[PDB]
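Here the Cβ positions follow ideal geometry from the backbone for every residue, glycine too, while neighbour counts run over all protein chains shown. Values in this text are rule-based calculations from the coordinates and carry no lab data.
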Amino acid sequence: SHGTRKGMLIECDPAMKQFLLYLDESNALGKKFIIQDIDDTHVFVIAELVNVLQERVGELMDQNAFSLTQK
């Protein structure tokens, strides 16, 4: 084998799939997560997609007095 990449293959309806493509193109999560587009219902993404999403949602929380000294 020449090219190989560890990751996560996702299978989902045509709607959700287009949404992932939209999220990836717009960097709505702060960073790209799509390694390769495949089918209209399949996409190969980074293994740590959940962490990325968990990290993005954190910034969405309400700002407080410690928002800048801790983050």
For this session: Report the far tail of the P(r) of the chain, meaning the percent of Cα-Cα pairs longer than 20 Å.
Result: 40 percent
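Could you count how many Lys pairs in the chain have their Cα atoms under 19 Å apart, skipping same-chain pairs fewer than 8 positions apart?
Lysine pairs meeting both conditions in the chain amount to 5.
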Exercise. With each pseudo-label sitting 7 Å past Cα toward Cβ, what's the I10-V52 distance in nm, one decimal?
Worked result: 0.9 nm
Exercise. How far is helix 14-25 tilted off the main Cα axis of the chain, in degrees rounded to 10, range 0 to 90?
Worked result: 60 degrees
Seminar exercise, completed: Under 5 Å from the placed amide H of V43, counting only residues 5+ away or on other chains, we find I10
Exercise. If you add up the charges near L53, with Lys and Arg at +1 and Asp and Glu at -1, over every other residue whose beta carbon is less than 15 angstrom from its beta carbon, what do you get?
Worked result: -1
Exercise. Taking the Cβ of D40 as the center, what net charge do the other residues with Cβ under 14 Å away carry, scoring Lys and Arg +1 and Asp and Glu -1?
Worked result: -3
